[PDB]
2 protein chains.
Amino acid sequence: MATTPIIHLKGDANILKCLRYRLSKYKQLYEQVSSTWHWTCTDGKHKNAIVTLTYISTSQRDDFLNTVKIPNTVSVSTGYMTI
Amino acid sequence: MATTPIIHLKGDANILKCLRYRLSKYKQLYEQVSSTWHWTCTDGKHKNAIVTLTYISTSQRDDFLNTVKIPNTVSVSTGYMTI
């Protein structure tokens, strides 16, 4: 038993860098956040990095994307680390 | 229907950077690889970055970690982007 539901917030590296501040406001449901990175690599960046957050229970994951006021510039994508 | 099985190869940023070369040898089952990043961030790095790979079918995921000779320095962890 483990269930490690995570989400991918894609949008910008500067928006996600300061997004962690809002995650602190809702820590009761937030667990940890990954370092904003980018899918693959061609030469540098282009305003489009996704970070991997993680919660404790599956209900805490859906509550995060439906409770904290995430920035519209970013986009939450269901995820499942299963680890 | 989608099933996007992915794996996390944690170990080193230099070992994972050159690991992509081996992934090319087995592209028939490999699909795409993510940019080696690090879980969270305290100040810099410390030889421990994880990359997110992706396959086409679930059977292709288990075959990747059981077919390509991955480096022992790294570690494959089951993953499920579900996206």
# chains A, B, ... in the order shown; residues from 1 in each chain; ligands from 1
$ interface_residues --of "chain A" --to "chain B" --cutoff "10 Å" --atoms "only C-alpha atoms" --output "PyMOL selection string"
chain A and resi 4-8+32-42+51-53+77-83
$ write_last_selection --atoms "N, CA, C and O atoms" --output "CSV table (one decimal), in the first residue's frame"
chain,number,residue,atom,x,y,z
A,4,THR,N,1.1,7.0,-4.5
A,4,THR,CA,1.8,8.3,-4.5
A,4,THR,C,1.3,9.2,-5.6
A,4,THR,O,1.9,9.3,-6.6
A,5,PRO,N,0.1,9.8,-5.5
A,5,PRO,CA,-0.5,10.6,-6.5
A,5,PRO,C,0.3,11.9,-6.6
A,5,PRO,O,0.6,12.6,-5.7
A,6,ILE,N,0.7,12.3,-7.8
A,6,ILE,CA,1.5,13.5,-8.0
A,6,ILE,C,0.8,14.3,-9.2
A,6,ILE,O,0.0,13.8,-9.9
A,7,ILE,N,1.2,15.6,-9.4
A,7,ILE,CA,0.6,16.4,-10.5
A,7,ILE,C,1.7,17.1,-11.2
A,7,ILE,O,2.8,17.4,-10.7
A,8,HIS,N,1.5,17.4,-12.5
A,8,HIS,CA,2.5,18.1,-13.3
A,8,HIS,C,2.0,19.5,-13.6
A,8,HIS,O,1.1,19.7,-14.4
A,32,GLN,N,5.1,17.5,-0.9
A,32,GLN,CA,6.4,18.0,-1.3
A,32,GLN,C,6.3,18.4,-2.8
A,32,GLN,O,5.4,18.1,-3.5
A,33,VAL,N,7.3,19.2,-3.2
A,33,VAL,CA,7.3,19.6,-4.7
A,33,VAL,C,8.6,19.3,-5.3
A,33,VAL,O,9.7,19.2,-4.7
A,34,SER,N,8.6,19.1,-6.6
A,34,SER,CA,9.9,18.7,-7.3
A,34,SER,C,10.5,20.0,-7.9
A,34,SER,O,10.0,21.0,-7.8
A,35,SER,N,11.7,19.9,-8.4
A,35,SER,CA,12.4,21.1,-8.9
A,35,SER,C,11.9,21.3,-10.3
A,35,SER,O,12.1,20.4,-11.2
A,36,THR,N,11.3,22.4,-10.6
A,36,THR,CA,10.8,22.7,-12.0
A,36,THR,C,11.8,22.3,-13.0
A,36,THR,O,12.9,22.8,-13.1
A,37,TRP,N,11.4,21.4,-13.9
A,37,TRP,CA,12.3,21.0,-15.0
A,37,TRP,C,11.6,21.2,-16.4
A,37,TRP,O,10.6,21.8,-16.5
A,38,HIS,N,12.2,20.6,-17.4
A,38,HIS,CA,11.5,20.8,-18.7
A,38,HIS,C,11.5,19.4,-19.5
A,38,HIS,O,12.4,18.7,-19.4
A,39,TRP,N,10.5,19.2,-20.2
A,39,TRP,CA,10.4,17.9,-21.0
A,39,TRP,C,11.4,17.8,-22.1
A,39,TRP,O,11.4,18.6,-23.0
A,40,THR,N,12.3,16.9,-21.9
A,40,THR,CA,13.4,16.7,-23.0
A,40,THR,C,14.3,18.0,-23.0
A,40,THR,O,14.3,18.7,-22.1
A,41,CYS,N,15.0,18.2,-24.1
A,41,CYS,CA,15.9,19.4,-24.2
A,41,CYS,C,16.4,19.5,-25.6
A,41,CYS,O,16.9,18.6,-26.2
A,42,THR,N,16.2,20.7,-26.2
A,42,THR,CA,16.7,20.9,-27.6
A,42,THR,C,17.9,21.9,-27.6
A,42,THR,O,18.8,21.7,-28.3
A,51,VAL,N,6.6,20.9,-13.0
A,51,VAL,CA,7.1,20.5,-11.7
A,51,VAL,C,6.3,19.3,-11.2
A,51,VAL,O,5.1,19.2,-11.5
A,52,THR,N,6.9,18.4,-10.4
A,52,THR,CA,6.1,17.3,-9.9
A,52,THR,C,5.8,17.4,-8.4
A,52,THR,O,6.6,17.2,-7.6
A,53,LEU,N,4.5,17.6,-8.1
A,53,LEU,CA,4.2,17.7,-6.6
A,53,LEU,C,3.7,16.4,-6.1
A,53,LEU,O,3.5,15.5,-6.9
A,77,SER,N,-1.8,18.5,-14.3
A,77,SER,CA,-2.1,17.3,-15.0
A,77,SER,C,-2.1,16.1,-14.1
A,77,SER,O,-1.1,15.9,-13.4
A,78,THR,N,-3.1,15.3,-14.0
A,78,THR,CA,-3.1,14.1,-13.1
A,78,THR,C,-1.9,13.3,-13.3
A,78,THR,O,-1.3,13.2,-14.3
A,79,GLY,N,-1.3,12.8,-12.2
A,79,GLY,CA,-0.1,12.0,-12.3
A,79,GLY,C,-0.2,10.8,-11.3
A,79,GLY,O,-1.0,10.9,-10.3
A,80,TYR,N,0.7,9.9,-11.4
A,80,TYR,CA,0.6,8.7,-10.5
A,80,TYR,C,2.0,8.1,-10.4
A,80,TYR,O,2.4,7.2,-11.1
A,81,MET,N,2.8,8.5,-9.4
A,81,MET,CA,4.2,8.0,-9.3
A,81,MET,C,4.1,6.5,-8.9
A,81,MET,O,5.0,5.7,-9.3
A,82,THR,N,3.1,6.1,-8.1
A,82,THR,CA,3.0,4.7,-7.7
A,82,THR,C,4.3,4.3,-7.0
A,82,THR,O,4.6,3.1,-7.0
A,83,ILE,N,4.9,5.2,-6.3
A,83,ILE,CA,6.2,4.8,-5.6
A,83,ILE,C,6.3,5.7,-4.3
A,83,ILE,O,6.6,5.1,-3.3
$ residues_around --residues "residue 31 (chain B)" --least-positions-apart "4" --cutoff "9 Å" --atoms "only C-alpha atoms" --output "ChimeraX atom specification"
/B:27,53-56
$ select_by_dssp --residues "chain B" --states "strand (DSSP E or B)" --output "PyMOL selection string"
chain B and resi 5-10+32-33+37+50-54+75-80
$ write_last_selection --atoms "N, CA and C atoms" --output "compact mmCIF listing (two decimals), in the first residue's frame"
# COMPACT_ATOMS: atom_id res chain seq x y z
N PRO B 5 2.89 4.85 -19.12
CA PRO B 5 3.82 4.31 -18.13
C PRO B 5 5.19 4.97 -18.27
N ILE B 6 5.73 5.46 -17.18
CA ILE B 6 7.07 6.12 -17.24
C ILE B 6 7.94 5.56 -16.12
N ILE B 7 9.22 5.81 -16.16
CA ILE B 7 10.12 5.29 -15.09
C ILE B 7 11.05 6.40 -14.61
N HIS B 8 11.52 6.31 -13.40
CA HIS B 8 12.42 7.36 -12.86
C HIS B 8 13.82 6.78 -12.64
N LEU B 9 14.79 7.23 -13.40
CA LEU B 9 16.17 6.71 -13.23
C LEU B 9 16.96 7.66 -12.33
N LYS B 10 17.03 7.37 -11.06
CA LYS B 10 17.78 8.25 -10.12
C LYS B 10 19.21 7.75 -9.98
N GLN B 32 10.30 8.39 -25.36
CA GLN B 32 10.93 9.73 -25.15
C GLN B 32 11.57 9.78 -23.76
N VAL B 33 12.45 10.72 -23.54
CA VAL B 33 13.12 10.84 -22.21
C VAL B 33 12.97 12.27 -21.70
N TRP B 37 16.51 15.94 -13.91
CA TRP B 37 16.29 17.04 -12.93
C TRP B 37 16.58 16.52 -11.51
N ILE B 50 16.96 12.51 -11.17
CA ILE B 50 16.08 11.44 -11.73
C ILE B 50 15.47 11.92 -13.05
N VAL B 51 15.47 11.09 -14.06
CA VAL B 51 14.88 11.49 -15.37
C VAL B 51 13.57 10.73 -15.59
N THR B 52 12.66 11.30 -16.33
CA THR B 52 11.35 10.62 -16.57
C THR B 52 11.26 10.07 -18.00
N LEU B 53 11.33 8.78 -18.17
CA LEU B 53 11.23 8.20 -19.54
C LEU B 53 9.77 7.83 -19.80
N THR B 54 9.43 7.49 -21.02
CA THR B 54 8.02 7.12 -21.31
C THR B 54 7.98 6.07 -22.43
N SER B 75 18.89 3.85 -10.87
CA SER B 75 17.86 2.91 -10.34
C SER B 75 16.53 3.18 -11.04
N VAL B 76 15.93 2.17 -11.62
CA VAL B 76 14.63 2.38 -12.32
C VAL B 76 13.48 2.24 -11.33
N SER B 77 12.59 3.19 -11.31
CA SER B 77 11.43 3.12 -10.37
C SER B 77 10.14 3.13 -11.19
N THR B 78 9.24 2.22 -10.93
CA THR B 78 7.97 2.19 -11.69
C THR B 78 7.29 3.56 -11.62
N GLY B 79 6.65 3.96 -12.68
CA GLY B 79 5.97 5.29 -12.69
C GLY B 79 4.69 5.20 -13.52
N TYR B 80 3.81 6.15 -13.37
CA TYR B 80 2.54 6.12 -14.16
C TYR B 80 2.04 7.55 -14.37
$ atom_distance --atom1 "CA of residue 17 (chain B)" --atom2 "CA of residue 49 (chain A)"
18.5 Å
$ closest_residue --among "B:3, B:28, B:48, B:60" --to "residue 74 (chain B)" --atoms "only C-alpha atoms"
B:48
$ atom_distance --atom1 "CA of residue 43 (chain A)" --atom2 "CA of residue 18 (chain B)"
16.3 Å
$ residues_around --residues "residue 23 (chain A)" --least-positions-apart "4" --cutoff "9 Å" --atoms "only C-alpha atoms" --output "PyMOL selection string"
chain A and resi 19+27+30+33+64+68+70
$ decode --residues "region 31-67 of chain A" --atoms "N, CA, C and O atoms" --output "CSV table (one decimal), in the first residue's frame"
chain,number,residue,atom,x,y,z
A,31,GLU,N,2.3,18.1,0.1
A,31,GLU,CA,3.3,17.3,0.8
A,31,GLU,C,4.7,17.8,0.4
A,31,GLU,O,5.4,18.4,1.1
A,32,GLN,N,5.1,17.5,-0.9
A,32,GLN,CA,6.4,18.0,-1.3
A,32,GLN,C,6.3,18.4,-2.8
A,32,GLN,O,5.4,18.1,-3.5
A,33,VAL,N,7.3,19.2,-3.2
A,33,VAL,CA,7.3,19.6,-4.7
A,33,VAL,C,8.6,19.3,-5.3
A,33,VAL,O,9.7,19.2,-4.7
A,34,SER,N,8.6,19.1,-6.6
A,34,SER,CA,9.9,18.7,-7.3
A,34,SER,C,10.5,20.0,-7.9
A,34,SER,O,10.0,21.0,-7.8
A,35,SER,N,11.7,19.9,-8.4
A,35,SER,CA,12.4,21.1,-8.9
A,35,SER,C,11.9,21.3,-10.3
A,35,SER,O,12.1,20.4,-11.2
A,36,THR,N,11.3,22.4,-10.6
A,36,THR,CA,10.8,22.7,-12.0
A,36,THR,C,11.8,22.3,-13.0
A,36,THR,O,12.9,22.8,-13.1
A,37,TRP,N,11.4,21.4,-13.9
A,37,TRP,CA,12.3,21.0,-15.0
A,37,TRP,C,11.6,21.2,-16.4
A,37,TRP,O,10.6,21.8,-16.5
A,38,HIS,N,12.2,20.6,-17.4
A,38,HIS,CA,11.5,20.8,-18.7
A,38,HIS,C,11.5,19.4,-19.5
A,38,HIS,O,12.4,18.7,-19.4
A,39,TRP,N,10.5,19.2,-20.2
A,39,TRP,CA,10.4,17.9,-21.0
A,39,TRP,C,11.4,17.8,-22.1
A,39,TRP,O,11.4,18.6,-23.0
A,40,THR,N,12.3,16.9,-21.9
A,40,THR,CA,13.4,16.7,-23.0
A,40,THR,C,14.3,18.0,-23.0
A,40,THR,O,14.3,18.7,-22.1
A,41,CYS,N,15.0,18.2,-24.1
A,41,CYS,CA,15.9,19.4,-24.2
A,41,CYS,C,16.4,19.5,-25.6
A,41,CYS,O,16.9,18.6,-26.2
A,42,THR,N,16.2,20.7,-26.2
A,42,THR,CA,16.7,20.9,-27.6
A,42,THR,C,17.9,21.9,-27.6
A,42,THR,O,18.8,21.7,-28.3
A,43,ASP,N,17.9,22.8,-26.7
A,43,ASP,CA,19.1,23.8,-26.6
A,43,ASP,C,19.0,24.6,-25.3
A,43,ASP,O,20.0,24.7,-24.7
A,44,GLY,N,17.9,25.0,-24.9
A,44,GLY,CA,17.8,25.8,-23.7
A,44,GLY,C,16.3,25.7,-23.1
A,44,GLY,O,15.8,24.6,-22.9
A,45,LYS,N,15.7,26.8,-22.9
A,45,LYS,CA,14.3,26.8,-22.4
A,45,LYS,C,13.4,27.6,-23.3
A,45,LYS,O,13.8,28.2,-24.2
A,46,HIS,N,12.1,27.6,-23.0
A,46,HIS,CA,11.2,28.4,-23.8
A,46,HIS,C,9.9,28.6,-23.0
A,46,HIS,O,8.8,28.5,-23.6
A,47,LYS,N,10.0,29.0,-21.8
A,47,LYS,CA,8.7,29.2,-21.0
A,47,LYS,C,7.8,28.0,-21.1
A,47,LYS,O,6.8,28.0,-21.7
A,48,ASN,N,8.2,26.9,-20.4
A,48,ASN,CA,7.3,25.7,-20.5
A,48,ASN,C,8.0,24.6,-19.6
A,48,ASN,O,8.4,23.5,-20.1
A,49,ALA,N,8.1,24.8,-18.3
A,49,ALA,CA,8.7,23.8,-17.4
A,49,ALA,C,7.6,23.1,-16.6
A,49,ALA,O,6.6,23.8,-16.2
A,50,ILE,N,7.7,21.9,-16.3
A,50,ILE,CA,6.6,21.2,-15.4
A,50,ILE,C,7.3,20.7,-14.1
A,50,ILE,O,8.3,20.2,-14.1
A,51,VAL,N,6.6,20.9,-13.0
A,51,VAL,CA,7.1,20.5,-11.7
A,51,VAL,C,6.3,19.3,-11.2
A,51,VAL,O,5.1,19.2,-11.5
A,52,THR,N,6.9,18.4,-10.4
A,52,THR,CA,6.1,17.3,-9.9
A,52,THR,C,5.8,17.4,-8.4
A,52,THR,O,6.6,17.2,-7.6
A,53,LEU,N,4.5,17.6,-8.1
A,53,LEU,CA,4.2,17.7,-6.6
A,53,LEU,C,3.7,16.4,-6.1
A,53,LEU,O,3.5,15.5,-6.9
A,54,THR,N,3.5,16.2,-4.9
A,54,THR,CA,3.1,14.9,-4.3
A,54,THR,C,2.2,15.1,-3.1
A,54,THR,O,2.4,16.0,-2.3
A,55,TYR,N,1.3,14.3,-2.9
A,55,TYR,CA,0.4,14.4,-1.7
A,55,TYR,C,0.5,13.2,-0.8
A,55,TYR,O,1.4,12.4,-1.0
A,56,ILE,N,-0.4,13.0,0.1
A,56,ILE,CA,-0.4,11.8,1.0
A,56,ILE,C,-1.4,10.8,0.5
A,56,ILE,O,-1.2,9.6,0.4
A,57,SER,N,-2.6,11.2,0.3
A,57,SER,CA,-3.7,10.3,-0.1
A,57,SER,C,-4.3,10.7,-1.5
A,57,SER,O,-4.1,11.8,-1.9
A,58,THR,N,-5.0,9.8,-2.2
A,58,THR,CA,-5.5,10.2,-3.5
A,58,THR,C,-6.5,11.4,-3.3
A,58,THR,O,-6.5,12.3,-4.1
A,59,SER,N,-7.3,11.4,-2.3
A,59,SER,CA,-8.3,12.5,-2.1
A,59,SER,C,-7.5,13.8,-1.9
A,59,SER,O,-8.0,14.8,-2.2
A,60,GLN,N,-6.3,13.7,-1.3
A,60,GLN,CA,-5.5,15.0,-1.1
A,60,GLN,C,-5.0,15.5,-2.5
A,60,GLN,O,-4.8,16.7,-2.6
A,61,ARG,N,-4.9,14.6,-3.4
A,61,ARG,CA,-4.4,15.1,-4.8
A,61,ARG,C,-5.5,15.9,-5.5
A,61,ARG,O,-5.3,17.0,-5.9
A,62,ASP,N,-6.7,15.3,-5.6
A,62,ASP,CA,-7.8,16.0,-6.2
A,62,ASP,C,-8.1,17.3,-5.4
A,62,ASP,O,-8.6,18.3,-6.0
A,63,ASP,N,-8.0,17.2,-4.2
A,63,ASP,CA,-8.3,18.4,-3.3
A,63,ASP,C,-7.3,19.5,-3.6
A,63,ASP,O,-7.6,20.7,-3.6
A,64,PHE,N,-6.1,19.2,-3.9
A,64,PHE,CA,-5.0,20.2,-4.1
A,64,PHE,C,-5.4,21.0,-5.4
A,64,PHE,O,-5.5,22.2,-5.4
A,65,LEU,N,-5.6,20.3,-6.5
A,65,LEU,CA,-5.9,20.9,-7.8
A,65,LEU,C,-7.3,21.6,-7.7
A,65,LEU,O,-7.7,22.4,-8.6
A,66,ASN,N,-8.1,21.2,-6.7
A,66,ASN,CA,-9.4,21.9,-6.6
A,66,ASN,C,-9.6,22.7,-5.4
A,66,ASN,O,-10.6,23.3,-5.1
A,67,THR,N,-8.5,22.9,-4.6
A,67,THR,CA,-8.6,23.8,-3.4
A,67,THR,C,-7.6,25.0,-3.6
A,67,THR,O,-8.1,26.1,-3.7
